[PDB]
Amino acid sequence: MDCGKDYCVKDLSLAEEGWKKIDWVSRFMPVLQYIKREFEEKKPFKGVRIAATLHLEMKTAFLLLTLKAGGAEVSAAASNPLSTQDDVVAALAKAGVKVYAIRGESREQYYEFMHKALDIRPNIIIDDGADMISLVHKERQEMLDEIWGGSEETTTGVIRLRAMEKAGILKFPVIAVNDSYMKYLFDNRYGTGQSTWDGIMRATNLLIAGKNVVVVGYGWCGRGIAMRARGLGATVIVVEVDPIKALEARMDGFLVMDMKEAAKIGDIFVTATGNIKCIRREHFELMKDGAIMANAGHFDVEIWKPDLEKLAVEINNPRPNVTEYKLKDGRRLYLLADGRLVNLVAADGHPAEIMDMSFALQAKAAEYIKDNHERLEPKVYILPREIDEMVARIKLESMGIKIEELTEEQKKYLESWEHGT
């Protein structure tokens, strides 16, 4: 509605509430605040244009404003059509960020807006899911040589970009921010663990304790989702295709079965595979009446909605972010958040302190691209662990935690080999 050359938002009059959300979470983001103070002093992004595809809530907004405080000209598009928070996006538009996003936008608008964000002709692309980096290579090839590099937030995006590199069509360097220690060990595990159940509880008002919770995938996200589900009193069943991770889940005290056996007994199903069709026709047919299904992975393809639609004689919407599929025999199965990221659609995403660290790495990755892209090949890179170390020490210090320091004798001992029994 409020839609022009510089932005396309639902309603600019929502900006005051968006500003309050941005100010609130920024009070609990000490690492990005530390970085923002440096950016304001040195203005390292003066004259630099940045286009970002991220989940457009208040922590994302604070990162974009941090990049702007460093001198950058920033455009932004949504990483998911349903995760955008309209009031936050109005505040971004008021701040001069060229943001193009409306909550609930269509898939075609999702890409029409992504193109508009790309119109800034970015030097740096910040991506979440690799849609924007892929879109440039497919439909905006005229702009490739102007792009220094990109940084990718999530596992699904890194998988896509590595396949792009394998096929020889990646045309600029990419930082796999997801692969940094202070990202996947914290965001993917602890962040997703809390916010997935935050969203499921918010959407349903249902009890987690005494439920059979089925977690499909025992990677970093599945681990955290299973961890916190157990912490909320649930009986957790893990479904995995990796035999090593399946044994880990056993040692962690969780049941391990395949997806058909899990489908018969699960009360709540959560997918975190980054894969396609992990739950489909024959699993829905086995599910108990009232089964809750949620996706915490990527896009909307982990739980195969077309199979649910073919089984349903009625499709209803009893609550916001709850789609009811009524089957022939009268069973009703419930899909949360239209099969999209339940933590970001049914809730407010990861907590502020988690995205502080993930978006601190993103800020450092943008600086790394700015300053090293000419020595980098069109390949996927991981940030040096020194940046991980810096983010961790800033967080610990803001926490008031002082850790042991190695003595010179101990450093010597760890490099030696003669001191045995």
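The numbering used is simple: start at 1 and walk along the sequence shown.
The stretch 162 to 170 shows the higher mean C-alpha B-factor when 162 to 170 is compared against 208 to 216 in the entry. Per-stretch averaging of Cα B factors for 37 to 45 and 62 to 70 places 37 to 45 on top.
Among 354, 361, 56, 380, the highest C-alpha B-factor in the deposited entry belongs to 380. Of the candidates 119, 348, 187, 240, the PDB record gives 119 the highest C-alpha temperature factor. In this PDB entry, the Cα temperature factor of residue 330 sits in the top third of its chain's modelled residues, the highest group. Residue-level temperature factors show residue 22 in the lowest third of its chain, judged at the C-alpha atom.
Ranked by C-alpha B-factor against the other modelled residues of its chain, residue 51 falls in the middle third. Sort the chain's modelled residues by C-alpha temperature factor and residue 221 lands in the lowest third, per the entry. Placement of the Cα temperature factor of residue 392 within the chain: middle third of the modelled residues, per the deposited record.
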